[PDB]
Amino acid sequence: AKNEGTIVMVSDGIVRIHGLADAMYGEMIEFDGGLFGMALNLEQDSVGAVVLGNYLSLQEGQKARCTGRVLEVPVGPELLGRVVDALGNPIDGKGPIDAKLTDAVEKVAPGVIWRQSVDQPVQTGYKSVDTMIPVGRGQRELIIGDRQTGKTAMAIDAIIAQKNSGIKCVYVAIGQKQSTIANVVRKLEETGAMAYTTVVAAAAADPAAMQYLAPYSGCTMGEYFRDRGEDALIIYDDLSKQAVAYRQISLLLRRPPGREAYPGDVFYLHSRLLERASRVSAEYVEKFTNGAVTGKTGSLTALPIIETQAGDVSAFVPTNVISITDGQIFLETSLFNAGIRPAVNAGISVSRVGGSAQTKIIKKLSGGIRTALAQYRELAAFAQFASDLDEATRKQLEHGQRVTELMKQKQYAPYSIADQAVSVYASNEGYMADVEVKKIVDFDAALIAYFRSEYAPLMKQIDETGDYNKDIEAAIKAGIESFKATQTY
Amino acid sequence: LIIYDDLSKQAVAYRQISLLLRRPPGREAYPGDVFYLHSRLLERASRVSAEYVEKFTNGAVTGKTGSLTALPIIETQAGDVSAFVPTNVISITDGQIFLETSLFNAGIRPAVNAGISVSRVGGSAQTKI
Amino acid sequence: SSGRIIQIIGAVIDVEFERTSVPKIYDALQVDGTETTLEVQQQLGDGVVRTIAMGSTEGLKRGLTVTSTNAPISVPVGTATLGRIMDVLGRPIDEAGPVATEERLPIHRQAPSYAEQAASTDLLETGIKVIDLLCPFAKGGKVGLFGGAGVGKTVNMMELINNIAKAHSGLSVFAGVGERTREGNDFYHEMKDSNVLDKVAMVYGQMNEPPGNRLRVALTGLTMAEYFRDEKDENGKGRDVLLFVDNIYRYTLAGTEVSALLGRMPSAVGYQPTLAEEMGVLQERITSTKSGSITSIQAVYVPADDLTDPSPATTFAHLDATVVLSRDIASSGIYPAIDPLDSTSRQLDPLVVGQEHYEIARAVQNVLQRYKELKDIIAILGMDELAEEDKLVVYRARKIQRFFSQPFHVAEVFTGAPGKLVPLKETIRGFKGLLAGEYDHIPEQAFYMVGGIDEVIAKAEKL
Amino acid sequence: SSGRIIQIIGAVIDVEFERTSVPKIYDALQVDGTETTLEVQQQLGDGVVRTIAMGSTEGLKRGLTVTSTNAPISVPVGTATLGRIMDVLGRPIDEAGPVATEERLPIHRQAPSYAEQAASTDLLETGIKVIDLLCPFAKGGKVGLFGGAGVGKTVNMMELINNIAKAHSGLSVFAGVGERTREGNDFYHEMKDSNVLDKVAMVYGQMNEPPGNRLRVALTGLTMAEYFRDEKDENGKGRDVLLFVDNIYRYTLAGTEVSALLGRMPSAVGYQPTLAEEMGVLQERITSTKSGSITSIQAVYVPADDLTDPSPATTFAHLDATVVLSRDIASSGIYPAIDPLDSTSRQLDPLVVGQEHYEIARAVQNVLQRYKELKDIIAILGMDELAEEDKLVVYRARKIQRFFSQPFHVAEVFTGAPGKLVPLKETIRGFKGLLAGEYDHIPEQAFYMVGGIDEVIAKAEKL
Ligand SMILES: Nc1ncnc2c1ncn2[C@@H]1O[C@H](COP(=O)(O)OP(=O)(O)OP(=O)(O)O)[C@@H](O)[C@H]1O
Ligand SMILES: Nc1ncnc2c1ncn2[C@@H]1O[C@H](COP(=O)(O)OP(=O)(O)O)[C@@H](O)[C@H]1O
Ligand SMILES: [Mg+2]
Ligand SMILES: [Mg+2]
């Protein structure tokens, strides 16, 4: 009886079970017909549960059993280049996956003593992020904006950029349509970036329970490399859909409603997930590996995505998520429709790690350009009313315009470290002052092409090593001066 | 030809009964079934064919077409057509007659604003003259 | 083995049952002594199920007997439904006699899997050349006509109905609940006189019928469209089908009705809605598989004169293309009256359609925009003072806006014109030639209702 | 006696006891076979007490036994906690072995009486420009920072820690800072290498712990601060221990998260019914009695970035000096981002700060308030239109807005510029010169992250 049970209520994917006195919190259940549940509400005389999968073949009076184990997913290095659902079952039909290990889905993060500061960079290929809002291995950052503002373009470009680095990547799709998921998978396979990526798909045609548990399984899959000294990277397509699914589940299950028609513990829901991304120390790696590997530091990076309505950042939920992460990137509709792409708001977007997550050359170069941009924006807004100006204000305005044009980039065209370094050096030193406000977009591309055709050993040295010796800056200055004269667009 | 002196007051009475029946308030000023309350009523005014008239009358009447016309009245506050009830009835009717108050106080009586008052079947009903 | 009604509150009808036989969700039951059928929605324990009445309700009393069909509601579907009008349950109402089709399908089915999706993103080609170039559709997409009552939206629906048959031999389904405005003949007659009646199947429902009838109509239309898509010819391939789900009167109601296409009730179940599981499959059932593709056209109202972002935009979340009807251009008489600038589509991208179409389509919008911005200064101070550089822009804009007009085969029986069906590549060629300026010598009035470019030059030479 | 678990929803657990052995309020209980402990929150009669579990509730089921300790959660207090990091129940988490201390105090205790309340009389320099002028501090006081997410509260807190705590001797400081782990781990490390870990105690809890732990973190830190200040070395004092809490809001957030599950009806915005008393019983205990002194700094979160929220509005009455951070100033580039207006200190009196300081502060606030009302006029009518007496106000307001900015020692990783420190007299001299009309020819771009006036002169010369 302690494991046996009945069913007394089915509606909208919630099944409420009598009996089951010997039932823990989160332990799986077995239904008739190969269906598994999850006990989330324990009461005086009943047990709440959510069904994983289609529940239309469940009635009153059936039986259920307790497995005695927590929810777990297969995990390993053989999951690379495959597509699975929220439980790890393959769906692309490329044969079964040879699983060897299983990992718990609900687990606590590494303690405070077992962590380390983050000093290694992660490249994205975007000039804006890599120079103004740096990201590093182990840092959590957020992409925030409206609908149709290019939020997902930035996430994939980053996955593609991790080709020669050696970072395993994961992708989680929540609430998206099947056609969009198929298109994304085709794009990943075409570019060759599927050889190390894993895709978890819980589409809109899936129960809210599946759309609720996708990020946890994604993180559990991604922690395999972190616990063993290899880096990883995970992307959540949209956490707003997960919040909606959680509100649904916690309302169909009788739980008192709260502010904004949302329920309690939404902050806990979004915090117990993001905090699982950390950079462990070599002692933690050594202790977990039982001496198999030594002198290695693990890491795990996250890039959750949240969408907003009417382009406001002061909404209660967006701020609740901003307060958890170590930064945010804000995408504005007004900038998108104006031709500024990728639309990134310099003033409202920050990075908390700072220059620690950068190479030496970039950190030495990209200093104090975001604040200069915000100051320029406010100065221009004020000066649109000012009748007269002076030399200093005009110089600041021109520099701001040129920089805001230099930061525009195309899709699927990732720049490398040398390209970013050359562009930022040319901008800072002042060789873009005489060039017209238009034809700046042509300028950087032509200059990168010239610096790639010639001066190749210099770029090889800059790419392999992030050092910025006086010789490097002298060579860059000489090359930019050579390109300025005796060379046309 | 049927004329409803005021339909907003009917909505208010329905709201009173619903609220006294312990139904939830909702986020809007009125319950959500006010729309169907008005639609079920305004849908019953139409012209029938001569065949239906003969069919219903068991052949007593022939070659004559029935009809029924409605002229409901809706009350607005400070010329706000964006409210809940006013916009529910604008979208299920074949025309609107907009009577202003600025013209009424200016002496122009009847005060009809031709800019926004339109008809849909117009030009077919009018006689040749 | 037989139940009893326990609680009649609005549309919700709680029905109890014996202990060993309780109907599974979505099963249909028949009430003896009355015409009504119940649909199961959720189970409440103690052998009690919460149901919704489907037939017309009349003189219901507590404790009525009820017998179970044990199966979901099945609707007759086949080839005999073409040119017929049926109830929500498929019972005909046009006095034309019973439907001879013998096969039926359940109206509650599951989504196609990830392995059944198409291997590409194709564009559906219609006869209309404004829509095709500026707001291309996508096989399996979702369309929204953001049109007010005054403009002639219905003729656009008819032209689509006719052209799909001719263009891709694909049937259509029409479903709608009630009528919002009466400015012309009811669709049925307006389709009978145009002889497009036998290529479509129609499902209709009033508002004085129970709220069950008002719901579950899009599901019947969807099942019919699915059967049309899946049927194969001798070549082993399916058809492309259009689903014309009519708007439910107003958009305030369409807030629920738009979400009714997204599977949301307008307060039918006031205690515990069951939509997450029913809804959300509806958005999927419309898709383009490898065999066949089904697309959805839905009309909506814009009273505020605000659409898209100005509008609530809740519709804007899932719509892939928005077709906009302009009253000013309609006063002009350019039918179809579709705004060439306000209407947008997400399929207009360099990757989905190619760089050629994107380059050609993007340029014409720029010329139209410039002409719209200088029309006021042209009005106040005249055309002559304007520089010749912008005069070419104005002339080209006039040429394209006249060329947007097109004779329609559905109106041939009235006007007598031979009508036109312009293929997409020819539209691209003609627009590219006009943009480059080869047609500059060609005089005006050779594009108004002249159909295809070769017909443009024939009209030019004939006068 | 021993009880049993009868219900568990998330964090809230209610345990039913015997008839006569019902534990009093806040009588911690131990669950046998697990590392979890429970604290009583409210009584429900029938021998049932609804409690909150300290630690995760995963791994437990209904039916497990519990043993009553009949005493509140007691923590180790003494001189041996110095240099140690501990979790809320006081368990060390620094992998440094146990703590050799027998003295233990409960975390729930009453508040000091009206008789033993001491005044605050001595100023306390901090080195910041805006704080030392518009909001003077005083030893034994209470200070709070008000901000929305992302506006710089922490950086300012770390600068305050680095600027006063490291210099004052015999402080015996206490750290209750709670923030993103990454920020914490770095602190412990930074404190160590500087060899100041000797005279500091730390209590830290993360964001991932269930509501049981997040609810009672601040009480533990308060107990450790109370013990230190009260004690007196022979011929000595309590060391004037300083308390810094970076986790005040979580207290109320966990309270409102669990209030609904304890049965309390929703109030106001939806905040818990007992917000005011719950905030008061904690915010009172941070005081300076006649037997000692405590100088505290807090961080106050502003949900949705509005100060009329019931949570930050109740806290205004409980503080002496209030510092308010604005999102707009942060987005404009000015750091620190403190709103000159809406920031005030009780110690700003002509008898305390003096005569010149008061006049300087009032004149600055007057100039800024006047500039706050001239924006709309500049918009509608040209800048030229306003008289010269307002041109001066506008320009001086802009210069003053940038001159309140300085670079920090702590935040050099972001900007890469060296840190600065400014004494109070330099601030007074510079602002006196500015309001006098001197430095009216220096462009406003030379007042940015330049710190002292002579640095302003040099930076202006470099341009
Ligand atoms: N760098 C870019 N340059 C030009 N257009 C871009 C760029 N990045 C994105 N876009 C455009 O924006 C689209 C991406 O939109 P996005 O994926 O953000 O939409 P969404 O519906 O908000 O996202 P989600 O898939 O998370 O629901 C692309 O298809 C393209 O049209
Ligand atoms: N003095 C400063 N100089 C430069 N940047 C700062 C300064 N103070 C704050 N910031 C920026 O503002 C952000 C505020 O971060 P933090 O204070 O840690 O979060 P919160 O404001 O929520 O406590 C930081 O990421 C930092 O980039
Ligand atoms: Mg998308
Ligand atoms: Mg904060």
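Residues numbered from 1 in each chain as written, not as in the entry; some residues may be left out. Chains lettered and ligands numbered in written order. Part of a larger assembly, values for the part shown. Heavy atoms only, no water.

As documented in the archive entry, the model was determined using cryo-EM at 2.99 Å resolution.

Draft legend 1. Expanded view of unusual backbone geometry. Put simply, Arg341(A) and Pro342(A) share a cis peptide bond, and its omega is 0°. By the element assignment, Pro342(A) lies in the loop between α9 (333-336) and β16 (350-351). Across the junction of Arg109(B) and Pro110(B), the peptide omega takes the value 5°, indicating a cis bond. For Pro110(B), the location among the structural elements is in the loop between α5 (102-105) and β2 (118-119). Positive phi values are uncommon outside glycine, yet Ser267(C) reaches one of about 65°. When you line up the elements, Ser267(C) lands in the loop between α6 (251-261) and α7 (282-285). (Helix = DSSP H or I, 4+ residues; strand = E, 2+ residues; numbered from the N terminus.)

Draft legend 2. Region of the structure containing the side chain of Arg216(C). All names here are of chain C. Relative to the helices and strands, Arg 216 is located in the loop between α4 (211-214) and α5 (217-230). Of the polar contacts made by the side chain of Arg 216, one reaches the side chain of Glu 39; its length is 2.5 Å. Not counting chain neighbours up to four residues away, the residues in contact with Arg 216 comprise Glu 39, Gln 41, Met 54, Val 88 and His 108. (Polar contact = N/O pair within 3.5 Å; in protein donor to acceptor, adjacent residues only side chain to side chain. Contact = heavy atoms within 4.5 Å.)

Draft legend 3. Examining the domain arrangement of chain C more closely. Residues and elements named next belong to chain C. For chain C, the domain assignment lists domain 1 (1-72), domain 2 (73-347) and domain 3 (348-463). A separation of 31 Å is found between the C-alpha centroids of domain 1 and domain 2. Opposite the 17 residues of domain 1 that make contact, domain 2 presents 18 residues. Taken together, both faces of the contact between domain 1 and domain 2 bury some 1600 Å²; the carbon and sulfur share is 61%. Contact with domain 2 buries surface across domain 1, with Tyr 26, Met 54 and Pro 72 losing the most and accounting together for 37% of the total. One can count one salt bridge joining domain 1 with domain 2. On inspection of domain 1 and its partner domain 2, the count reaches six residue pairs in polar contact. (Domains from an automatic or database assignment. Buried area = accessible area lost by both parts, 1.4 Å probe. Salt bridge = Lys/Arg side-chain N within 4 Å of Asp/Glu carboxyl O.)

Draft legend 4. Quick look at the domain arrangement of chain A. Splitting chain A by domain gives domain 1 (1-72), domain 2 (73-365) and domain 3 (369-485). Taken over C-alpha atoms, the centre of domain 1 of chain A sits 61 Å from the centre of domain 3 of chain A.

Draft legend 5. Looking closely at the interface of chain C and chain A. Contact residues are listed per partner, giving 33 residues for chain C and 28 residues for chain A. Across the interface of chain C and chain A, roughly 2500 Å² is buried in total on both sides, 51% from carbon and sulfur atoms. Put simply, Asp320(C) and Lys177(A) hold a salt bridge, and the shortest N to O gap is 3.8 Å. Counting across the chain C and chain A interface gives six residue pairs in polar contact. Residue composition of the side of chain C that touches chain A, grouped by class: 16 nonpolar, 12 polar and five charged. (Nonpolar A, V, L, I, M, F, W, Y, C, P; charged D, E, K, R; others polar.)

Draft legend 6. View of the sheet that holds strand β5 (residues 48-53) of chain C. A barrel is described by the order of its strands in space; here six strands give the closed sequence β1-β2-β5-β4-β3-β6 (chain C), paired in antiparallel fashion. Strand after strand, the sheet turns through a mean of 45° between neighbouring axes, direction not considered. (Pairing = 2+ DSSP bridges. Axes fitted to C-alpha atoms, helices over the stretch in contact; angles between N-to-C directions.)

Draft legend 7. Expanded view of the site of ligand 1. In the vicinity of ligand 1 lie 15 residues, with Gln148(A), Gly150(A), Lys151(A), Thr152(A) and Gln176(A) positioned nearest. Site remark: ligand 1 is flanked by residues from chains A and C. The backbone of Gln148(A) places a nitrogen or oxygen atom 2.8 Å from an oxygen atom of ligand 1. Within the backbone of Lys151(A), a nitrogen or oxygen atom sits 2.7 Å from an oxygen atom of ligand 1. With the chains in place, 71% of the 660 Å² that ligand 1 exposes on its own is no longer accessible. With three residues, helix α2 (residues 151-161) of chain A is the single largest residue contributor to the shell around ligand 1. Class assignment of the residues belonging to the shell around ligand 1 gives a composition of two nonpolar, seven polar and six charged. (Near = heavy atom within 4 Å. Areas by Shrake-Rupley, 256 points an atom, 1.4 Å probe, with all protein chains shown as cover.)

Draft legend 8. Up close: the arrangement of the chains. The protein chains that touch form three pairs of chains, and the pair with the most contacts between them is chains A and D. The two partners chain B and chain D share no contact, and the minimum distance between any of their C-alpha atoms is 15 Å.

Draft legend 9. The site of ligand 2, seen in detail. The environment of ligand 2 is made up of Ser351(A), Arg352(A), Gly150(D), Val151(D), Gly152(D), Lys153(D), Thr154(D), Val155(D), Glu183(D), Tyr335(D), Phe408(D) and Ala411(D). Here an oxygen atom of ligand 2 and a side-chain polar atom of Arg352(A) are 3.4 Å apart. Here an oxygen atom of ligand 2 sits 3.3 Å away from a polar atom, N or O, in the main chain of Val151(D). When the free accessible area of ligand 2 is taken as 560 Å², the share hidden by the protein chains comes to 91%.

Draft legend 10. Region of interest: the environment of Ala158(A). When you line up the elements, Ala158(A) lands in helix α2. Along the sequence, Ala158(A) and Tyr412(A) sit 254 residues apart, while their C-alpha atoms lie 9.8 Å from each other.

Draft legend 11. Main features of the UniProt feature "binding site: ATP" in chain A. All names here are of chain A. Here the UniProt feature "binding site: ATP" sits at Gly 145, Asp 146, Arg 147, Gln 148, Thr 149, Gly 150, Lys 151 and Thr 152. As for its position among the elements, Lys 151 is in helix α2. With a relative accessible area of 10%, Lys 151 lands in the buried category. Not counting the four nearest positions on each side in its chain, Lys 151 is found in contact with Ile 143, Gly 145, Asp 146, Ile 305, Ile 306, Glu 307 and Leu 331. Side-chain polar atoms of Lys 151 contact the backbone oxygen of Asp 146, separated by 2.6 Å. Relative to the helices and strands, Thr 152 is located in helix α2. In this structure, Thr 152 is in contact with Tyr 171 and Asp 237, ignoring residues within four places of it in sequence. (UniProt positions renumbered as here; feature names shortened; annotations may be inferred. Buried < 20%, exposed > 50% of the residue type's maximum accessible area, 1.4 Å probe, protein only.)

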